[PDB]
Number of protein chains: 2
Amino acid sequence: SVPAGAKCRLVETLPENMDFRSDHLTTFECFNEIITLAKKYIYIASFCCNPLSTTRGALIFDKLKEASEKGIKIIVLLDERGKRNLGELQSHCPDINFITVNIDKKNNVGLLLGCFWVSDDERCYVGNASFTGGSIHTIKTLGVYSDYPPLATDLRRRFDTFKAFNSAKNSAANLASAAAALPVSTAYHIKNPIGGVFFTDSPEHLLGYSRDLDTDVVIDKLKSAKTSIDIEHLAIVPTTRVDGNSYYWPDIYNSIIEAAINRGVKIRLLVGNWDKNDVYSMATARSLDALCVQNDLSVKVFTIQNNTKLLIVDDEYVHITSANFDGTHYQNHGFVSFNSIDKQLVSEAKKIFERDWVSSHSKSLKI
Amino acid sequence: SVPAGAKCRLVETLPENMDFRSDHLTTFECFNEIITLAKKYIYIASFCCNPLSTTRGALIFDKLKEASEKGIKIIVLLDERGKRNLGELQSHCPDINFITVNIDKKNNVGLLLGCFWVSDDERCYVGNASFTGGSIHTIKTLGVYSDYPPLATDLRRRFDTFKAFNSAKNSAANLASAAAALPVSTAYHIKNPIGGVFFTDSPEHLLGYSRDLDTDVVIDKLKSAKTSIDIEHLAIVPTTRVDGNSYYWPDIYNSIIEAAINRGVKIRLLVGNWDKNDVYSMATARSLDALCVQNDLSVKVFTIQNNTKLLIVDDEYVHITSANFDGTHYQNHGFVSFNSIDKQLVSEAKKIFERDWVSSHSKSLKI
Ligand SMILES: Cc1cc(C(=O)NNC(=O)c2ccncc2)ccc1Cl
């Protein structure tokens with residue numbers, strides 16, 4: 001028999017200067033446990049790589065260095081735009097294989113936002129705590145850890161898909177025929193979850209035929225809401241800025257508004273503060289300001305460094321990712337997202353969101 | 001050979017108290033010409049019917065009374081909600097057959113917004129000038145008249161489709177089998193226009209299999225814009241209020257924003273003023289206010305009674321209707337809409353929109 005929740009437990013980074021308290025696992029302890037119990041390999045994937053920025057990050061980097069010295073195959077995937085600290089990394093860990101990934105060389109827009117660890121096809125972590133010192137010590141982060149071998153292997157498959165886009169030599173990022181020969185596989189999705197847990201993936205041109213797009217899954221879970229929608233992301237402006245041009249993408253925006261006005265769903269949005277000079281952010285703010293007073297909608301803003309990307313639907317579905325709900329991310333960036341329906345795990349996630357909502361760092365929206 | 005523009009000419013109602021001037025045909029003269037040249041029948045369809053409110057409307061009603069007395073079959077279709085003045089109408093014209101229409105008895109939401117005349121399968125008018133004294137004398141209106149027999153017959157087919165929904169006795173508004181036996185036909189659509197002119201129809205459950213939905217046509221013409229979008233409607237709030245519940249429908253709203261931000265289309269919106277107590281209208285206003293200053297978008301408001309529903313795309317497509325661009329109308333109401341691509345007719349429509357844009361009644365948007 002399979003376990004309920006797939007042996008998944010919540011992990012988060014709560015700095016000392018912040019009032020966030022919980023009995024759950026910390027990202028520091030999580031990475032320590034992943035490295036200690038490692039016997040075959042440790043695969044890590046994120047955007048940037050700079051663990052030495054804080055103390056705990058340096059400690060994790062030292063433990064990983066010891067693991068690589070003992071014979072463990074360490075492979076670290078980071079986007080080619082986080083290539084600044086690369087010369088700093090290889091100088092400290094010559095046995096760790098660092099690989100620059102460019103998942104989109106057609107237009108140079110897609111970015112690698114894996115932000116997950118997998119070890120021995122037995123242990124795994126997935127969240128918004130990248131392999132940096134801030135995401136481990138000073139930046140509040142959220143994610144999930146599991147010692148369930150099948151889930152860890154299904155995440156290792158995503159790591160395999162992402163590794164093939166290395167820049168050096170012909171690979172899936174250079175040749176079309178070699179990229180077409182990528183066994184893009186998945187063992188569990190929304191049509192066949194394991195222990196009430198599955199992985200969604202992004203972007204669309206990297207799914208193959210089996211994997212499920214995170215965009216469609218999130219939009220469906222938002223359109224199928226009946227009771228409550230609780231979102232803690234950075235910002236939900238329907239317009240991003242790619243290069244020097246504004247890009248309009250209101251899919252999640254309009255789905256949430258459809259939930260709020262037509263279906264009257266109690267929605268609470270905890271987002272990061274915005275620049276007063278950005279007219280798009282101010283337009284979004286004053287648009288939601290007239291909707292909070294008309295329908296059952298609440299909005300709070302935070303100013304702290306928080307990478308948390310949490311979605312909770314009807315106290316029955318939970319969705320934790322490393323990408324933010326916007327156009328650029330769900331249209332070009334490549335990432336993996338944890339989705340669960342286990343009532344216990346969703347209840348713990350609801351507890352975390354309730355703690356964050358009434359936190360002192362969550363001031364009410366004022367315009 | 002077929003004529004260019006399908007013998008169509010612009011018709012409009014410009015009151016004396018307003019500064020609108022044009023050499024085009026007036027709605028009063030248009031109805032006079034339709035009634036005078038009538039030899040077989042005169043079919044009229046609108047929402048409400050109250051011509052005696054003004055002088056010119058009473059004159060048109062008297063001419064129609066004379067036509068009915070001479071033996072012309074006069075049938076007037078009005079929605080069952082405009083049934084107040086019914087006893088006033090039949091008392092003055094006993095020979096005119098007035099019919100109450102309820103196109104939606106399932107939920108009692110759909111309303112008859114035909115707003116067109118057809119005579120002898122030879123002459124026809126279609127616009128936003130209903131069969132009322134205001135739409136002929138005191139309310140600025142817009143529409144098109146044509147003495148082209150095929151176009152008039154294709155509009156008479158729409159009149160036939162709408163007539164079958166009479167309330168008294170079993171008909172297309174009472175029985176399902178009798179409604180299924182409605183020869184819902186059309187001779188021209190966007191895939192086979194005549195002289196660069198075609199009719200779009202609404203709602204979706206009244207199209208059959210041949211007619212084209214006005215919603216899809218308008219959304220496609222807005223998404224396929226490259227140069228300019230000029231809209232003169234009442235309001236473009238993505239939220240209406242049906243009964244005592246708000247209904248969110250941002251399809252046209254989001255298509256226009258997609259045209260403005262992503263494609264940078266120069267868009268000028270001439271809409272009617274809104275209530276300061278309506279939070280949805282204020283939200284829409286302050287949303288567009290931050291977009292006019294960022295992209296090439298301009299907004300002006302008018303306070304006069306104007307039923308004009310004009311859309312102009314790239315100085316190549318023109319769309320004149322009686323319904324307003326919103327959710328309730330294009331989701332439940334039943335109407336017919338004129339669409340043309342003839343460069344001469346679209347140029348005249350652009351002239352009319354330019355005259356209205358710089359008019360004194362068009363004050364710049366201020367918040
Ligand atoms: C491009 C953009 C578009 C919007 C937008 O679409 N605002 N519109 C409403 O918020 C609304 C108004 C009335 N009814 C329902 C919703 C907001 C911000 C931004 Cl940057």
# chains A, B, ... in the order shown; residues from 1 in each chain; ligands from 1
>>> residues_around(residues="residue 319 (chain B)", least_positions_apart="6", cutoff="7 Å", atoms="only C-alpha atoms", output="number ranges by chain")
B: 310-312, 338-340
>>> closest_atom_pairs(of="chain A", to="ligand 1", cutoff="10 Å", atoms="only C-alpha atoms and all ligand atoms", output="Markdown table")
| residue | atom | partner | partner_atom_place_in_ligand_line | distance |
| --- | --- | --- | --- | --- |
| A:236 | CA | ligand 1 | 18 (C) | 9.5 |
| A:237 | CA | ligand 1 | 20 (Cl) | 6.0 |
| A:238 | CA | ligand 1 | 19 (C) | 5.8 |
| A:239 | CA | ligand 1 | 20 (Cl) | 5.3 |
| A:240 | CA | ligand 1 | 20 (Cl) | 8.4 |
| A:246 | CA | ligand 1 | 1 (C) | 9.4 |
| A:247 | CA | ligand 1 | 1 (C) | 8.8 |
| A:248 | CA | ligand 1 | 1 (C) | 6.2 |
| A:249 | CA | ligand 1 | 1 (C) | 8.2 |
| A:250 | CA | ligand 1 | 6 (O) | 7.4 |
| A:253 | CA | ligand 1 | 6 (O) | 8.1 |
| A:254 | CA | ligand 1 | 6 (O) | 7.7 |
| A:257 | CA | ligand 1 | 16 (C) | 6.7 |
| A:258 | CA | ligand 1 | 15 (C) | 8.5 |
| A:260 | CA | ligand 1 | 15 (C) | 9.7 |
| A:261 | CA | ligand 1 | 15 (C) | 7.9 |
| A:278 | CA | ligand 1 | 20 (Cl) | 9.0 |
| A:279 | CA | ligand 1 | 20 (Cl) | 7.1 |
| A:280 | CA | ligand 1 | 20 (Cl) | 3.6 |
| A:281 | CA | ligand 1 | 20 (Cl) | 5.8 |
| A:282 | CA | ligand 1 | 20 (Cl) | 7.5 |
| A:283 | CA | ligand 1 | 18 (C) | 4.6 |
| A:284 | CA | ligand 1 | 18 (C) | 3.7 |
| A:285 | CA | ligand 1 | 18 (C) | 7.4 |
| A:286 | CA | ligand 1 | 10 (O) | 7.8 |
| A:287 | CA | ligand 1 | 10 (O) | 4.1 |
| A:288 | CA | ligand 1 | 10 (O) | 5.9 |
| A:289 | CA | ligand 1 | 10 (O) | 8.7 |
| A:290 | CA | ligand 1 | 10 (O) | 8.1 |
| A:291 | CA | ligand 1 | 15 (C) | 7.5 |
>>> write_last_selection(atoms="C-alpha atoms", output="mmCIF file, in the first residue's frame")
data_model
loop_
_atom_site.group_PDB
_atom_site.id
_atom_site.type_symbol
_atom_site.label_atom_id
_atom_site.label_comp_id
_atom_site.auth_asym_id
_atom_site.auth_seq_id
_atom_site.Cartn_x
_atom_site.Cartn_y
_atom_site.Cartn_z
ATOM 1 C CA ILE A 236 -0.232 39.043 -9.448
ATOM 2 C CA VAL A 237 0.032 41.929 -11.913
ATOM 3 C CA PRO A 238 -1.336 40.697 -15.274
ATOM 4 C CA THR A 239 1.537 42.533 -17.024
ATOM 5 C CA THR A 240 5.252 41.773 -16.862
ATOM 6 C CA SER A 246 5.580 45.225 -21.585
ATOM 7 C CA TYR A 247 3.815 41.867 -21.926
ATOM 8 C CA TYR A 248 0.134 41.455 -21.032
ATOM 9 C CA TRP A 249 -0.995 38.059 -19.710
ATOM 10 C CA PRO A 250 -4.104 38.155 -17.510
ATOM 11 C CA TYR A 253 -5.687 37.406 -12.974
ATOM 12 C CA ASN A 254 -8.977 36.949 -14.830
ATOM 13 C CA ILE A 257 -11.542 37.725 -10.672
ATOM 14 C CA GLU A 258 -14.032 35.263 -12.184
ATOM 15 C CA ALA A 260 -14.353 36.380 -6.838
ATOM 16 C CA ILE A 261 -17.213 38.140 -8.657
ATOM 17 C CA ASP A 278 5.267 51.391 -11.904
ATOM 18 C CA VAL A 279 1.952 52.375 -13.483
ATOM 19 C CA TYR A 280 0.955 48.756 -14.150
ATOM 20 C CA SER A 281 1.311 47.823 -10.477
ATOM 21 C CA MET A 282 -0.645 50.912 -9.404
ATOM 22 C CA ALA A 283 -3.364 50.110 -11.949
ATOM 23 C CA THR A 284 -3.621 46.550 -10.628
ATOM 24 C CA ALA A 285 -3.707 47.862 -7.051
ATOM 25 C CA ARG A 286 -6.476 50.405 -7.641
ATOM 26 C CA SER A 287 -8.362 47.796 -9.674
ATOM 27 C CA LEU A 288 -8.350 45.300 -6.803
ATOM 28 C CA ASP A 289 -9.074 48.100 -4.308
ATOM 29 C CA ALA A 290 -12.572 48.618 -5.722
ATOM 30 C CA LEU A 291 -13.134 44.842 -5.773
#
>>> closest_residue(among="A:45, A:89, A:60, A:144", to="residue 77 (chain A)", atoms="only C-alpha atoms")
A:45
>>> residues_around(residues="residue 129 (chain B)", least_positions_apart="6", cutoff="12 Å", atoms="only C-alpha atoms", output="PDB file with N, CA and C atoms, in the first residue's frame")
ATOM      1  N   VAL B  11     -26.612  56.415 -42.081  1.00  0.00           N
ATOM      2  CA  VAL B  11     -27.789  57.115 -41.591  1.00  0.00           C
ATOM      3  C   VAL B  11     -27.550  57.416 -40.120  1.00  0.00           C
ATOM      4  N   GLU B  12     -27.961  58.597 -39.668  1.00  0.00           N
ATOM      5  CA  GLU B  12     -27.735  58.924 -38.269  1.00  0.00           C
ATOM      6  C   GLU B  12     -28.715  59.994 -37.818  1.00  0.00           C
ATOM      7  N   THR B  13     -28.944  60.019 -36.509  1.00  0.00           N
ATOM      8  CA  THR B  13     -29.810  60.996 -35.862  1.00  0.00           C
ATOM      9  C   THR B  13     -28.939  61.968 -35.084  1.00  0.00           C
ATOM     10  N   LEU B  14     -28.948  63.229 -35.512  1.00  0.00           N
ATOM     11  CA  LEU B  14     -28.182  64.307 -34.887  1.00  0.00           C
ATOM     12  C   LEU B  14     -29.152  65.392 -34.445  1.00  0.00           C
ATOM     13  N   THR B  26     -30.567  61.133 -42.696  1.00  0.00           N
ATOM     14  CA  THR B  26     -31.077  61.142 -41.335  1.00  0.00           C
ATOM     15  C   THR B  26     -32.045  59.981 -41.139  1.00  0.00           C
ATOM     16  N   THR B  27     -32.177  59.545 -39.884  1.00  0.00           N
ATOM     17  CA  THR B  27     -33.062  58.425 -39.578  1.00  0.00           C
ATOM     18  C   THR B  27     -34.508  58.752 -39.929  1.00  0.00           C
ATOM     19  N   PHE B  28     -34.908  60.011 -39.743  1.00  0.00           N
ATOM     20  CA  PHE B  28     -36.259  60.431 -40.098  1.00  0.00           C
ATOM     21  C   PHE B  28     -36.511  60.255 -41.591  1.00  0.00           C
ATOM     22  N   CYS B  30     -34.812  58.416 -43.535  1.00  0.00           N
ATOM     23  CA  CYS B  30     -34.653  56.999 -43.849  1.00  0.00           C
ATOM     24  C   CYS B  30     -35.963  56.245 -43.657  1.00  0.00           C
ATOM     25  N   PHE B  31     -36.613  56.442 -42.508  1.00  0.00           N
ATOM     26  CA  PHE B  31     -37.885  55.773 -42.261  1.00  0.00           C
ATOM     27  C   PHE B  31     -38.959  56.265 -43.222  1.00  0.00           C
ATOM     28  N   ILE B  44     -40.546  45.769 -38.619  1.00  0.00           N
ATOM     29  CA  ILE B  44     -39.740  46.574 -37.710  1.00  0.00           C
ATOM     30  C   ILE B  44     -39.469  45.756 -36.457  1.00  0.00           C
ATOM     31  N   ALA B  45     -38.243  45.842 -35.939  1.00  0.00           N
ATOM     32  CA  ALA B  45     -37.886  45.103 -34.735  1.00  0.00           C
ATOM     33  C   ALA B  45     -37.001  45.959 -33.842  1.00  0.00           C
ATOM     34  N   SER B  46     -37.402  46.111 -32.582  1.00  0.00           N
ATOM     35  CA  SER B  46     -36.605  46.827 -31.596  1.00  0.00           C
ATOM     36  C   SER B  46     -36.988  46.322 -30.212  1.00  0.00           C
ATOM     37  N   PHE B  47     -36.391  46.928 -29.187  1.00  0.00           N
ATOM     38  CA  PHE B  47     -36.714  46.551 -27.811  1.00  0.00           C
ATOM     39  C   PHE B  47     -38.028  47.188 -27.370  1.00  0.00           C
ATOM     40  N   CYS B  48     -38.033  48.507 -27.219  1.00  0.00           N
ATOM     41  CA  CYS B  48     -39.223  49.250 -26.839  1.00  0.00           C
ATOM     42  C   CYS B  48     -39.828  49.927 -28.062  1.00  0.00           C
ATOM     43  N   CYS B  49     -41.111  50.266 -27.951  1.00  0.00           N
ATOM     44  CA  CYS B  49     -41.834  50.929 -29.033  1.00  0.00           C
ATOM     45  C   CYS B  49     -42.656  52.063 -28.436  1.00  0.00           C
ATOM     46  N   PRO B  51     -43.141  55.730 -30.322  1.00  0.00           N
ATOM     47  CA  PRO B  51     -42.738  56.799 -31.249  1.00  0.00           C
ATOM     48  C   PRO B  51     -43.311  58.161 -30.904  1.00  0.00           C
ATOM     49  N   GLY B  57     -41.019  61.344 -34.403  1.00  0.00           N
ATOM     50  CA  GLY B  57     -41.493  59.990 -34.169  1.00  0.00           C
ATOM     51  C   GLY B  57     -42.983  59.850 -34.413  1.00  0.00           C
ATOM     52  N   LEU B 113     -33.164  42.865 -29.177  1.00  0.00           N
ATOM     53  CA  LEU B 113     -32.555  44.126 -29.583  1.00  0.00           C
ATOM     54  C   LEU B 113     -32.324  44.149 -31.088  1.00  0.00           C
ATOM     55  N   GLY B 114     -33.348  43.793 -31.861  1.00  0.00           N
ATOM     56  CA  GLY B 114     -33.246  43.818 -33.307  1.00  0.00           C
ATOM     57  C   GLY B 114     -32.866  45.183 -33.841  1.00  0.00           C
ATOM     58  N   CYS B 115     -33.753  46.162 -33.656  1.00  0.00           N
ATOM     59  CA  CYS B 115     -33.482  47.555 -34.009  1.00  0.00           C
ATOM     60  C   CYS B 115     -33.176  47.700 -35.501  1.00  0.00           C
ATOM     61  N   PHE B 116     -34.067  47.162 -36.335  1.00  0.00           N
ATOM     62  CA  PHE B 116     -33.885  47.223 -37.778  1.00  0.00           C
ATOM     63  C   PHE B 116     -35.238  47.164 -38.474  1.00  0.00           C
ATOM     64  N   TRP B 117     -35.251  47.670 -39.706  1.00  0.00           N
ATOM     65  CA  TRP B 117     -36.418  47.672 -40.575  1.00  0.00           C
ATOM     66  C   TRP B 117     -36.089  46.943 -41.871  1.00  0.00           C
ATOM     67  N   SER B 135     -35.127  58.026 -30.464  1.00  0.00           N
ATOM     68  CA  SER B 135     -34.148  57.531 -31.424  1.00  0.00           C
ATOM     69  C   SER B 135     -34.279  58.183 -32.794  1.00  0.00           C
ATOM     70  N   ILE B 136     -35.364  58.914 -33.047  1.00  0.00           N
ATOM     71  CA  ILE B 136     -35.558  59.587 -34.318  1.00  0.00           C
ATOM     72  C   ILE B 136     -35.365  61.097 -34.211  1.00  0.00           C
ATOM     73  N   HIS B 137     -35.602  61.691 -33.043  1.00  0.00           N
ATOM     74  CA  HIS B 137     -35.622  63.143 -32.918  1.00  0.00           C
ATOM     75  C   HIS B 137     -34.579  63.683 -31.953  1.00  0.00           C
ATOM     76  N   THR B 138     -34.489  63.133 -30.740  1.00  0.00           N
ATOM     77  CA  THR B 138     -33.714  63.757 -29.674  1.00  0.00           C
ATOM     78  C   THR B 138     -32.473  62.981 -29.252  1.00  0.00           C
ATOM     79  N   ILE B 139     -32.327  61.724 -29.662  1.00  0.00           N
ATOM     80  CA  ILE B 139     -31.184  60.900 -29.287  1.00  0.00           C
ATOM     81  C   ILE B 139     -30.317  60.690 -30.519  1.00  0.00           C
ATOM     82  N   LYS B 140     -29.032  61.016 -30.401  1.00  0.00           N
ATOM     83  CA  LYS B 140     -28.097  60.751 -31.487  1.00  0.00           C
ATOM     84  C   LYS B 140     -27.982  59.251 -31.717  1.00  0.00           C
ATOM     85  N   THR B 141     -28.213  58.821 -32.956  1.00  0.00           N
ATOM     86  CA  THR B 141     -28.129  57.405 -33.300  1.00  0.00           C
ATOM     87  C   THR B 141     -27.311  57.238 -34.572  1.00  0.00           C
ATOM     88  N   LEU B 142     -26.938  55.990 -34.860  1.00  0.00           N
ATOM     89  CA  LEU B 142     -26.160  55.660 -36.046  1.00  0.00           C
ATOM     90  C   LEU B 142     -26.643  54.335 -36.623  1.00  0.00           C
ATOM     91  N   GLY B 143     -26.501  54.194 -37.936  1.00  0.00           N
ATOM     92  CA  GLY B 143     -26.925  52.986 -38.617  1.00  0.00           C
ATOM     93  C   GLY B 143     -26.657  53.096 -40.103  1.00  0.00           C
ATOM     94  N   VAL B 144     -27.173  52.121 -40.850  1.00  0.00           N
ATOM     95  CA  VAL B 144     -26.946  52.027 -42.289  1.00  0.00           C
ATOM     96  C   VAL B 144     -28.265  51.707 -42.982  1.00  0.00           C
ATOM     97  N   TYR B 145     -28.468  52.300 -44.159  1.00  0.00           N
ATOM     98  CA  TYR B 145     -29.616  52.018 -45.010  1.00  0.00           C
ATOM     99  C   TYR B 145     -29.135  51.491 -46.354  1.00  0.00           C
ATOM    100  N   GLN B 305     -27.525  61.721 -24.532  1.00  0.00           N
ATOM    101  CA  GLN B 305     -28.208  60.478 -24.885  1.00  0.00           C
ATOM    102  C   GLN B 305     -27.738  60.044 -26.267  1.00  0.00           C
ATOM    103  N   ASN B 306     -26.871  59.035 -26.309  1.00  0.00           N
ATOM    104  CA  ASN B 306     -26.303  58.545 -27.560  1.00  0.00           C
ATOM    105  C   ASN B 306     -26.322  57.026 -27.541  1.00  0.00           C
ATOM    106  N   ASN B 307     -27.057  56.429 -28.477  1.00  0.00           N
ATOM    107  CA  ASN B 307     -27.132  54.981 -28.612  1.00  0.00           C
ATOM    108  C   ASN B 307     -26.109  54.431 -29.597  1.00  0.00           C
ATOM    109  N   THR B 308     -25.199  55.271 -30.087  1.00  0.00           N
ATOM    110  CA  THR B 308     -24.248  54.852 -31.110  1.00  0.00           C
ATOM    111  C   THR B 308     -23.370  53.713 -30.607  1.00  0.00           C
ATOM    112  N   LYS B 309     -23.277  52.652 -31.409  1.00  0.00           N
ATOM    113  CA  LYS B 309     -22.438  51.487 -31.124  1.00  0.00           C
ATOM    114  C   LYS B 309     -21.573  51.252 -32.361  1.00  0.00           C
ATOM    115  N   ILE B 320     -21.269  48.087 -36.884  1.00  0.00           N
ATOM    116  CA  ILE B 320     -22.309  48.905 -36.273  1.00  0.00           C
ATOM    117  C   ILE B 320     -23.396  47.982 -35.744  1.00  0.00           C
ATOM    118  N   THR B 321     -23.765  48.169 -34.479  1.00  0.00           N
ATOM    119  CA  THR B 321     -24.737  47.308 -33.827  1.00  0.00           C
ATOM    120  C   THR B 321     -25.664  48.156 -32.968  1.00  0.00           C
ATOM    121  N   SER B 322     -26.650  47.493 -32.365  1.00  0.00           N
ATOM    122  CA  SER B 322     -27.529  48.122 -31.392  1.00  0.00           C
ATOM    123  C   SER B 322     -27.210  47.717 -29.961  1.00  0.00           C
ATOM    124  N   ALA B 323     -26.437  46.653 -29.773  1.00  0.00           N
ATOM    125  CA  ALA B 323     -26.050  46.198 -28.448  1.00  0.00           C
ATOM    126  C   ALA B 323     -24.698  46.779 -28.059  1.00  0.00           C
TER     127      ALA B 323
END
>>> atom_distance(atom1="CA of residue 125 (chain A)", atom2="CA of residue 209 (chain A)")
25.2 Å
>>> residues_around(residues="residue 34 (chain A)", least_positions_apart="3", cutoff="8 Å", atoms="only C-alpha atoms", output="ChimeraX atom specification")
/A:30-31,37-38,42,119,123-124
>>> atom_distance(atom1="CA of residue 167 (chain A)", atom2="CA of residue 100 (chain A)")
6.4 Å
>>> select_by_dssp(residues="region 161-241 of chain B", states="strand (DSSP E)", output="number ranges by chain")
B: 197-202, 228-232, 239-241
>>> decode(residues="region 114-187 of chain A", atoms="C-alpha atoms", output="short mmCIF file (atom, residue, chain, number, x, y, z; two decimals), in the first residue's frame")
data_model
loop_
_atom_site.label_atom_id
_atom_site.label_comp_id
_atom_site.auth_asym_id
_atom_site.auth_seq_id
_atom_site.Cartn_x
_atom_site.Cartn_y
_atom_site.Cartn_z
CA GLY A 114 14.05 24.17 -10.99
CA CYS A 115 14.78 24.97 -7.34
CA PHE A 116 14.76 21.36 -6.13
CA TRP A 117 17.04 18.62 -4.83
CA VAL A 118 16.96 14.87 -5.46
CA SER A 119 19.20 12.23 -3.88
CA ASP A 120 19.58 8.46 -4.36
CA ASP A 121 16.13 8.19 -6.00
CA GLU A 122 14.94 8.10 -2.38
CA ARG A 123 14.96 11.62 -0.91
CA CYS A 124 13.89 14.90 -2.47
CA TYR A 125 13.05 18.53 -1.74
CA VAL A 126 11.04 20.89 -3.93
CA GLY A 127 10.20 24.51 -3.16
CA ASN A 128 11.23 28.15 -3.57
CA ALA A 129 14.49 27.87 -1.58
CA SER A 130 17.18 28.05 -4.26
CA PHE A 131 20.78 26.96 -3.67
CA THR A 132 21.81 30.31 -2.20
CA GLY A 133 22.72 31.50 1.27
CA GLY A 134 19.75 33.85 1.38
CA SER A 135 17.20 31.14 0.58
CA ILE A 136 18.61 29.11 3.49
CA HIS A 137 19.35 31.77 6.14
CA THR A 138 17.88 35.24 5.55
CA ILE A 139 15.00 34.85 3.05
CA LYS A 140 11.73 33.27 4.12
CA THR A 141 11.07 30.30 1.83
CA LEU A 142 8.60 27.42 1.57
CA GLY A 143 8.70 23.92 0.12
CA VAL A 144 8.21 20.21 0.75
CA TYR A 145 10.57 17.34 1.60
CA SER A 146 9.86 13.64 1.08
CA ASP A 147 11.80 10.41 1.61
CA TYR A 148 9.50 8.51 -0.76
CA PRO A 149 11.51 6.78 -3.52
CA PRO A 150 8.89 6.92 -6.32
CA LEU A 151 8.29 10.66 -5.89
CA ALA A 152 12.04 11.31 -5.74
CA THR A 153 12.48 9.35 -8.97
CA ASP A 154 9.67 11.26 -10.68
CA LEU A 155 11.51 14.45 -9.70
CA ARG A 156 14.84 13.02 -10.89
CA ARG A 157 13.15 12.58 -14.27
CA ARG A 158 12.50 16.33 -14.35
CA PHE A 159 16.15 16.89 -13.43
CA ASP A 160 17.13 14.64 -16.35
CA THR A 161 14.94 16.64 -18.72
CA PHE A 162 16.52 19.89 -17.53
CA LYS A 163 20.14 18.68 -17.63
CA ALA A 164 20.11 18.05 -21.39
CA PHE A 165 20.05 21.82 -22.09
CA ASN A 166 23.72 22.40 -21.29
CA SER A 167 25.33 25.12 -23.39
CA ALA A 168 28.70 23.50 -24.14
CA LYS A 169 28.78 21.02 -27.05
CA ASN A 170 25.80 19.83 -29.09
CA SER A 171 22.87 18.90 -26.86
CA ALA A 172 19.15 19.57 -26.41
CA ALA A 173 19.92 23.32 -26.32
CA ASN A 174 21.83 23.31 -29.64
CA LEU A 175 20.46 20.58 -31.93
CA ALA A 176 16.81 19.94 -32.77
CA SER A 177 17.22 16.23 -33.55
CA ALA A 178 19.15 15.61 -30.32
CA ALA A 179 16.50 17.51 -28.36
CA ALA A 180 13.78 15.42 -30.03
CA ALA A 181 15.52 12.31 -28.64
CA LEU A 182 14.90 13.38 -25.03
CA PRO A 183 12.92 10.72 -23.11
CA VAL A 184 10.70 13.34 -21.45
CA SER A 185 8.95 10.98 -19.03
CA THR A 186 6.74 11.34 -15.97
CA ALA A 187 5.40 8.68 -13.61
#
